[PDB]
Every structure is written in C-alpha cells, then in structure tokens.
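Written below as structure tokens is the structure these notes are about.
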There are 2 protein chains.
Amino acid sequence: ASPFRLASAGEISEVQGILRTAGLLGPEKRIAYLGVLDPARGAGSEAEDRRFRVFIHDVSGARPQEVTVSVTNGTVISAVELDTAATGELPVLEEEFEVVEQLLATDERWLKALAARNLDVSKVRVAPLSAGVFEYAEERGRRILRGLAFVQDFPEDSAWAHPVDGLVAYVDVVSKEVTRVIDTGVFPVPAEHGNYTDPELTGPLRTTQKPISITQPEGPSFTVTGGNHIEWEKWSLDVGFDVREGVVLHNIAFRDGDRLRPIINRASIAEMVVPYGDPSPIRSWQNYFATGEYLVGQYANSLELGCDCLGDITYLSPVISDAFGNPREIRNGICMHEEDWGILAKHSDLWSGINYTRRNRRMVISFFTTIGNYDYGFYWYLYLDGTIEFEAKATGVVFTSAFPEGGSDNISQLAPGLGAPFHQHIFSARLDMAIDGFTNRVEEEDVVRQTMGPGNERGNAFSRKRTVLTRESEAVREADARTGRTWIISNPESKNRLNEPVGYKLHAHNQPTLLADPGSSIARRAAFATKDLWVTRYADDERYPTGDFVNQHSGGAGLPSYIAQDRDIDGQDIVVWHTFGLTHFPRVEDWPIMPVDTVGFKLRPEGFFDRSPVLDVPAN
Amino acid sequence: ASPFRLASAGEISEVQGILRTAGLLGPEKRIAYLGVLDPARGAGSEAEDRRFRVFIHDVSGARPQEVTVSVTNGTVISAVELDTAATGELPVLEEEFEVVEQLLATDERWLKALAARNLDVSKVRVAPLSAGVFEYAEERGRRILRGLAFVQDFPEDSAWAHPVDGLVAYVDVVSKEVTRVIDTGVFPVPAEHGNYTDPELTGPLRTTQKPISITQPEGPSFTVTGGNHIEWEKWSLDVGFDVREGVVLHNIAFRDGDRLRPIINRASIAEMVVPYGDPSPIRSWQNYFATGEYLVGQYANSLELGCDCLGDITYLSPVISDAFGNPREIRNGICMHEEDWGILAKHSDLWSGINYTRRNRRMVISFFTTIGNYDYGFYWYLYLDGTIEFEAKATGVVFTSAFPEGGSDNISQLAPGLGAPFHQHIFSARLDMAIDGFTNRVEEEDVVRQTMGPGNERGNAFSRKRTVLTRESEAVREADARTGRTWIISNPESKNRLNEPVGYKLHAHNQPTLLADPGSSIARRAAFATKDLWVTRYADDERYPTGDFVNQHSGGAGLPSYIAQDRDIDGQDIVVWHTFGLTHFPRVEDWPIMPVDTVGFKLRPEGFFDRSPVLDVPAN
Ligand SMILES: [Cu+2]
Ligand SMILES: [Cu+2]
C-alpha cells in the first residue's frame, strides 16, 4: 500500500484506457513519456491518488500534449497542448530511430553520396542522433533527427568500425522528408573490423581464470517488502524506476537507535549529456542528452545472473509503457545485492592489548542501459558507516569517425584510419535533501592555510572555513580541489550531542566540467554541466536540470531558470544538483570495445551521529 | 636463484655474523635498519651478489655507522661513520619507545605536573613521538623523543580517550635524561571512555548480518614461484618487503603476445608523513614520518584469515632483523589474492544483435601496519585491463587532545572535552619507471579549451596538450584538477602499431598537498609533500624523497637536493615520485575508533597496447 511502489502493468494499461476513452489516444498519437508522479509534499491527504504524467506525441503534425491522469479514479486531471517551438520537442520515440535510415535510403542526395563512396545502401546503417538547435531557421517547430552513416559488412558485423565521414543528413521525422544532405568530401571508410567475438581478433581465449564463487548460504541481509521497499543494516529506502531517469531512490533513511532519521528524500541522475568536441561540421552539432532526449530507463538491459550481477541477487522487473500505452516489462532490469567491502575499522592497541578488526559491506542497487553505441551502468551504494555513493560505469563502443590525414587536435586514432572524436559524459545527480527533515542548508567548506607568525610561530597550523549559501543567486558553485572544497548539507534545527547541526558532506571527484565555449548552444542547453554544484529551493515542477522538454530547446531551461528565482535556501526544503563527468580522449585500448571507466561522488556523515554508527557490528 | 627473492632468515643471521666478525656489532650496538640492496643497473657481476645495507646504532653515544655487506662473500663492502648532527639520526628503535614513560615516571617536574592534575603516574601512558628539528640547541646530536600523556584507567582501557593536555616532555633516550618538561596549564582530562568493545558503548551487537562466502573451488588463478614471484592474468612481478617501506613491487611486467613487456621496475611508498596543524606548543612540533622515522614494515600486522583477508588467500611471511641482528618472521604479514571487480566491458548492439558482457578482476597484494594509535593498510592492485593502482586505508584511533572551552580553529570536538587536532596523512609513491624498457619520458597533459570562432564556429571544440619534462629543474609539478591534468610516462623509442610512443597515464586524486607555511620546519623536512609530482633521473643512492636519515634531520637531503642536479630526463632511466594524501578534520563519526578512509592513485595504459588487451577474456 506504499505510495512509492513500482508501477504495475495494470496501472499502465489503465492509463492507456483512460486516455483512449477520453479521446486522447487516437491512431496518430504516441506516448513519448509516461511515468508515475511522486506524492506531493504533505501526506495529510489520506490514501494517495496514483497519478501518471504523460507526453503525447502526434505523428500527424498536430500539437503534442502533456496529460496527467488519475489511475485511482480513472480520470484525466489535466491535458495541456504544447507549443514545441517555445518549450521544446518531446523525447525521441524508439520507432523514430528507424525512419532516418529508411528515409535516406530513397533520397537521391544520400544515394549519390554513397555511390561516390561505393557503398551498398543496404549495408549502410544510420545512427539517429538528436538535432539540438543551431543556425537552421527552418528547423524550429519541426521535429528533426540527424543521421551519421556506418557500414555493416554482414549481419553480425560491428558497424562502428566503419564510419562514413564527410557525410551527414538532417531529416524531419514527422513530414518524413530529408531537409538536408551535407557532403564535405570523401574520407576512406576504416577497413579493419571491430568484431570482438571473432577469434581472429580475440586470439585464443584464456584458460587461466579460475572461478570465484560468491554465495550467501543463509540468504541476503536485506529485506524487500511491498515489492520495492528495502531495509538493510539500518538503512531504509524505496527503489523506484522511471523511464526517463531510470532507478530512483526514495526516502533514504537511517535507523539510529529508536528513530528512523531521513537523509535524502529523492536521489536520481536527472540528466546525462554527451557533448562532442570535434569542430568538423559533420559532428560539431553532436550532443545527446541520454536522459532528457532519449530516456535512459527505457533502454535498461535485462541483467543476466552470473554475468551482469554476481552473488546472491534480488531482482526488480520494472514495467514501462510502449509507444501505444501497452505495458512492457523489463525483466530483471534492476539488480540488488550486498557485497563485502574490505576492512571497516581496525586497531591493534599496544597499551590495552586489544586487537580489533571489523569488515565493511555495501548495499548495491543498479541497472545497465544501452544508448546506441554506448552502455552505461548506474550504481547506488549504501555503506555500513552511513556513506552514500553513486558510480557510473561507462563502456560500450566508442563513437567513431575517420582519422584525418595529417592528424587532429580533436580526434584520437584507434586503428588505421579510424578516429574517435573527443567528448565528455556529464551527469547531474538531483538530490532532494532531507537531513533529519526538510529544514536544510548548504555550506561550502574550504581548507584554510595559515601564515607563520603570532599564534602560529612554527607555521604548522591549518584550518577550514564554511560559507552558508543563503540564496539561489549565490548557490552556483565551482570545485576547488586544491583547497579540498566540499559541500555540507546540514539541518540547523537538529543538533548532535555536541550541540552541532547534524550534516552530511558531499565529496566530489573534481573532474572537469563542460569544456565547450560559454557562447555555444550546448553551454546554454546544458548549462548545469558548466558548474559543479547547484542548490535550489524545492519545487514540484523543477525535476530536471535541463527542463522538461530538452529535445531541440533553444537553451536556458532548467537550473539557470530555477536559480533565477533567487529563493531563500538557508534552512529550507532544498535540492542539491551535483554535476560530475568524464572527459574522454579515447585510447587505442578503448577499441574495439572499451573497458569500463568510472566517475561518481559520495556523501559521508558529518556530525550526523553522536559517535561511530558501526560499533555494534559483530566480529564475524 | 632470483636476485629479487625475499630476504631469508639465514641471510639476516649471516649479516649479523659478518658485522660481528668485522667488529662492528659488539654488545653496545643495535641494528636500527637492515634491508637487502636491489641489484645495480646492468648485468654487472657474472652472477648475483646478495648485498645488505645496515644502519648501526650505538647505545653508549658513539657515532653510528652505515654499512653494506655481501652475504655471499662474507665481507664488509663499505662502512662509514655517521655525523648525525649533520646528516640525521637513525630511525627510532622499538626499544627506545618505552624509555620515555619510564624515565618520566621518576622525574620530579613530570610528577609535579601529574600531581597538579590529580593523576596517578602508574596510570599515565606516554606516547613516544619523533622530535623533528626545532629551536632547541641542546638537541643537536642527541637522540630525542617527545612524550605526550594519556590516562589509562585500567589494563584494557583505551588511553586515547583521556589525553592530558597542556603537558609535554623531551627526553634524551641515550643519556637517559629528561631535557625539558613543559606545562602550559592544566586542562580537564576527558572523562568518557572510548572502549569500542564495551557493550555499554556498542550496545547489543547486530544479528542482521548474514554470511557472504567467497571461495575458489579450483584454487587461485595466480601462481607463486621462487617464494615471491607472481604470475597472474598476463602480469608478472616480484613481491619484495623492506622493513622501512613495507611491501615493494619489483619488475611489474605484462605478457603481450610473445613478449614480456616491462612497465614499472620498482614501486613503493617511499615515505609517509602525518603533520599536525594545531598551533598549541604541546603539539605544534608533531610530525611523524611513519616510513622514514619509524619504519612501517617493522610494525606490519600478522593478518588473520577471514578477518583481515577474506577469500582464497596466499600469504607471505617476510623476515626482518631485530635490534640485535637476529631474524624475526612476520607471520602472514602479506596477503595476496584475486577478487571479482564487476563488469569489465559490455555492449548490447542493436544492429549486429550481439550482446556482450565480460567481468573484471584484480590481483591484490597488501599488508597492514600499526603505529601507536593509527593503523594503515597498503594495497596494490593489478587489473585485467592493464591498470595499476595503489590504495592506502587509514583507520585506528585518532590522536586526541583536550577541546578548548572557547572552541578551536585547529581541533574538532569528538566528545565532551575531547578534541582531535587537524592533520594530514601524506604519502610518496616512488615509481622507478620502465615503460617497455628504461628509455622513458614524462609529459604533463592538460585539457585545452578552445574559443568559439573561425575553425570552431559552434564553440564545441576542446582539445589537450602535452608538455615533455626534459630536465629535472622543470619536473616539479602541481595538480590541476580543473584542467584534468595527468602525467604520461612513455617510451619515445617504442611505438605501438599506430606509430605512437607507448605509454601509461598517471591519474591522481588531486587531494590537497602539505598545508604548512613554506617557512616551517615541516615544509622543509617534508618538502616532497608540497608538490604533487616530481621526476628524477635514476640514481642508486636516491631512494627516499626525504633522504636516508629523516629522524631529527633538517632539510638538505631528499628530492629538493636530487632535482638540483638538473639531469636529462627526456628519454632516460627515470623515477616518478607522486605525492598524495588525506587532509583530516576529524568527525564525531571517527570516534571512538575511525572507519576506514582511503586515498591513492592509478596508472592506466595509454596507447601501450595495439588494442584492448582483454579481448581474450572468456564469457565464463
Ligand atoms: Cu566516452
Ligand atoms: Cu587522520
């Protein structure tokens, strides 16, 4: 009966029925997004009304709509017509990916470009990439996708090994017409194949790896109730799933003695953008928001036991809607398990003669998604000591291009004639804080060096300083690794036994943020990625750092607009948005399939407890 | 027969015999340090001549000596008298530790200070801390230790919970004289106990943790031959142990096809210092060089199966010398095992229909040491993909003090009246590089942002630059996380199939470096800690960033002096010295025993291989 329970296949089927009956789901309509709405602030309203938010696309060219329906009452709460040229286009439909390659296949300009390169059109795959917004005036209001070509020699061939550079096309997926085909010149299509399962490339497989058996003879230490409510080593939370954000953690709390203390109300990766840094007109427009434009949850993989998740795994199989409102189950799309995490605490004391050692553990909640050539793993970790951590694992096949004769300052060579354009993978973690309640505040903590002199005659002293962020206008912060800068979220009304406000400290990896020029389209559309940390006043409609309709939006939506309200965040219901990412200069080692690389962040208790919260852990 | 084999009990006894025969080890002598000497560069002697280096202390006050002997030929190669007042005192002897408390127990000044605080001398433990170099003229040429007091209420009581602030004494451990007793005033001695094994504090132990079983039915995948030669998943290396540095990795190489390719000739933590930032006269002199002054290997813990090292573990039991030259085994002092490391590579390709997933693994070589209140774990990891990583784990009990009534800018409060002085844990990793051989060079790589304009009209382009460090004078580098700065060690004479010099990229955590004022004693003595990266030309006698004798030694030796030679490091036999550490502002959560915190670095291949080196990893 939990208001945070996962959507059922029936609920999605009910939304479909409601929409159809209301006349909002005709033959020309398509569901571009469908997700359950979280309970509003204030559970005073007995029995929560299960509501779903829906983005309805019209393949006829008619205006799309944002609809809210109550599955509890079987009614349409609201239906608003959208002006895409103003507020942005709806997310890309899976069924739209195909149209790009199919439409180009009969376009004379495209066929001529391929003929010149002696490429069989039946062997040319086309990657359907988001368009963004640039100098093409005829695109505003129009739903466009840009296509880049790759040759697939045979059904099981990895097309990524054969990019067709010097060629790009733009297509209007609704009017179904190729608006433009640009051919800047022929580039040799890389010849070597990148088939990592081909013995000629892998060579003899290793026979040196002995098995590692990870088991739990008495089962897991965590309990799953209500389908998605998790309880593990004092932790309490609800694992939700949204087609846009993927796995979302709700009501993260820690049982400290006799009371369940909240830490974070909602944690999610609210956006993920991959900006490319190759100035070639063939790719200079390339920026794909996996979350905002494509909806990462939608492409979550079914995780195979023993391969994707090892040990004693408890799966969750979330259900999403297809383009027509039919429920589709993502079998084993979410993995949950606990794993040993080395030494937790250790000390051999000479004076007391007591030797003490305790092991650590982490609760893991994860899912893996595939976006064309890339595959991303999203992992949330809960540690015994109260630490919360997120880790993104980037793998898959690198997006390729030709490697220019004479080299390049924006592309690396991975194989003969094969290039890999420089790019970044930048995430935004939206953390709706609730440190011992909703009355929170954020402080920027910097290490402070001291000069040798009076009060510090030996010049050994060093300190720290904390600055409270009181208004949103001063809540857009940058990292400063040199000064060990961190951010503390505390509750000025809840103090520990030492009369100090309880808190949690966010430790960032301090990786580079968005590198693009400040005046670029991407810097405007993904402004969140230009700064490491943002703090906003909580608001029901401020869900994504990039706004609700990212696709082809002119820019400034999301965080820049929210922050413009300059609201009070000093001891209020606030939300922390942390930007973190990888800057990728592909290596030869990343080809033909790249080894996982990682990035993340974590929050550790900072005077939240009255002493170590793991003194009750057994020797085992 | 391997010249990189661990020292045997026999060799140590032989050294003792040689020294005795040479008249260098009479009853007044003590071995302060003893270690095997690594073989010199180039195949010198027809066979392998085993040599040991020893620092001989004299308990009567006579000048100590540095001696090198050949255990094979039974001769003293060299023996030099040391002028400690100039070049430094020898490492602290374990037997000198107790001298401090013993001598103070009968000193009138000390007794009066304790009486003024109503403390029973029989219950006052004294921490024997390194003295360093300050303004005390009488200390020149004397082996001094400074003592700080802690009250131990009973045999199994954690004295750290009861610091006696406002009091410190200096002691000459050779002449057995208390040179000074400083009392700046009485401070209340914190009353609360910090006994983490007392049920009154731990409360009932958790019964919610279910067992996690990690086993290897067919045994480990790595082989150990010649006692310490490891071969695992293409990696090859020798695990050495030195009483000063602890675990040292030799000849790290990777089998790429038919050739064994060297990567790192020698890897070790050449120094680690813990500088305190409390300006109080009671502790403003506190800086302990665990490695250089105390010799961390000496205090390596015997690691218990299931507790310290979980899974299928293979142990090494290194042997060291005791103060008299007798061999002493550190039973199970080194743990070696492989562990699963999640997903290695993964891609679900729509076009080819091929779904691919491979898991990762890492080889772990570690040891754990105890220095008074702190306990440090040293971990070296080797991954399937060629990555090499080091991780230090800091735990134990925080060093305490009283917490001043009016608060403090250099101490945090852990409990009523109990303080924890701010401090840092800074390590120095000495990496004698050998990327495909000894002809190496280092390049500093920074991300390069580009301005929007001609050639980059959309302002999306970004690049990078590499600067070769050609001379030691330009090889003292700082971190720059904002620009994603890394350092690449390459071999300009060994190129991959794409005609690019093979290399490895060092990824630092970019944590703050030494915070002390540049004019402080510690900034001079721990000069290496002020910069993130140093590159020197290899030399037989340049072993530690702080020189051979750190104890009570001024600046003048170590890295700053090595760099002054301004030698050519562009395509030469070079050594990388990486500084990395933790800046600790103790939290209430760190008391009464602190949960592990970590810091480290890693090196990933950068065009070292011609493609991913893990394509031959099997599915299962
Ligand atoms: Cu990438
Ligand atoms: Cu510390």
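Note that we place each Cβ from the backbone using ideal geometry, even for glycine, and neighbour counts take in every protein chain shown. Values in this text are rule-based calculations from the coordinates and carry no lab data.
Under the Cβ-under-4.7 Å rule, which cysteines of chain A stay unpaired?
If one checks each Cβ against the other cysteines of chain A, A:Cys307 turn up with nothing under 4.7 Å.
So, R0 is 45 Å and r is the distance between the beta-carbons of B:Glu478 and B:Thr87; what FRET efficiency does that work out to, to 0.05?
Working: r = 29 Å, r/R0 = 0.65.
The computed FRET efficiency comes out at 0.95.
Taking only DSSP H segments of four or more residues, each worth -39500 (n - 2.57), what value at 222 nm results for chain B once the sum is divided by all its residues, to the nearest 500 deg cm²/dmol?
-2000 deg cm²/dmol
Give the shape of region B:485-582 as rounded, prolate or oblate, defined through the alpha-carbon gyration tensor: a ≥ b ≥ c are the square roots of its eigenvalues, a/c under 1.5 means rounded, and otherwise the shape is prolate if a/b is larger than b/c and oblate if not.
Oblate, since a/c reaches 1.5 and b/c is not below a/b.
Give a quick list of GluC sites (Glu not before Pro) in region A:364-422 that DSSP marks as loop, anything other than H, G, I, E or B, with at most 13 other Cβ atoms within 10 Å. Each step should come with its number before you reach the end.
Values: sites: A:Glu389, A:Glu391, A:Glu405; in loops: A:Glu405.
Here the GluC sites (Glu not before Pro) that fit, given the DSSP loop and packing criteria, are A:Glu405.
At a Förster radius of 22 Å, what calculated FRET efficiency corresponds to the Cβ-Cβ distance of B:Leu205 and B:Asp153, to the nearest 0.05?
For B:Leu205 and B:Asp153, the calculated efficiency is 0.40.
Multiply the residue separation of A:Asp568 and A:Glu329 by 0.36 nm, subtract the distance between their alpha-carbon atoms, and state the gained length in nm to one decimal.
The A:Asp568-A:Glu329 span can extend by a further 81.8 nm.
State the Cα centre-to-centre distance between region A:131-158 and region B:188-209 in whole Å.
Comparing the Cα centres of region A:131-158 and region B:188-209, I get a distance of 63 Å.
How many angstrom lie between the Cα centre of region A:306-337 and the Cα centre of region B:548-608?
With region A:306-337 and region B:548-608 each reduced to a Cα centre, they are spaced 45 Å.
Can you pull the one-decimal nm distance between simple spin-label points at B:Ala191 and A:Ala22, each 7 Å off the Cα toward Cβ?
Placing both labels 7 Å beyond Cα along the Cβ direction yields 6.7 nm.
In B, who owns the beta-carbon nearest the axis carrying B over to A, and how many Å from it?
Nearest to the symmetry axis by Cβ: B:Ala481, 2.
Taking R0 as 22 Å, what FRET efficiency do you get between B:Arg140 and A:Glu457 from their Cβ-Cβ distance, rounded to the nearest 0.05?
Rounded to the nearest 0.05, the efficiency is 0.65.
Distances from A:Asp541 to the same position in the other copies: list them in nm, one decimal, shortest first, using label points 7 Å from Cα along Cα→Cβ.
Here the equivalent label points are 7.6 nm apart from this one.
Output wanted: per-residue J couplings in Hz (rounded whole) for region A:377-394, from phi through Karplus 6.51 cos²θ - 1.76 cosθ + 1.60, θ = phi - 60°, x for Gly and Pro.
Result, rounded to whole Hz: x, 10, 10, 10, 10, 10, 9, 4, 6, x, 6, 10, 9, 10, 9, 9, 10, 9.
Once you have a ≥ b ≥ c as the square roots of the Cα gyration tensor eigenvalues for the protein assembly as shown, tell me rounded if a/c is under 1.5, and otherwise prolate or oblate according to whether a/b is larger than b/c. Each step should come with its number before you reach the end.
Values: a/c = 2.08, a/b = 1.51, b/c = 1.38.
It comes out prolate by the Cα gyration axes.
Along Cα→Cβ at 7 Å, what distances in nm separate the B:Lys495 label point from those on the other copies, shortest first?
In nanometres, ordered from closest: 6.9.
Report relative contact order for region B:97-226 in percent, whole number only (criteria: Cα-Cα under 8 Å, sequence separation at least 6).
Once normalised by length, the contact order is 19 percent.
According to the square roots a ≥ b ≥ c of the eigenvalues of the Cα gyration tensor, what is the shape class of region A:196-619, taking rounded for a/c under 1.5, prolate for a/b larger than b/c otherwise, and oblate for the remainder?
Cα axes put region A:196-619 in the rounded bin.
Name the long-range amide H neighbours of A:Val502: under 5 Å, sequence gap of 5 or more, or other chain; modelled H, no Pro or chain starts.
A:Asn491, A:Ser494, A:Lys495, A:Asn496
Placing a label point 7 Å from Cα toward Cβ, how far apart in nm is A:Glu304 from its equivalents in the other copies, listed shortest first to one decimal?
When each copy's label point is compared with this one, the spacings are 4.1 nm.
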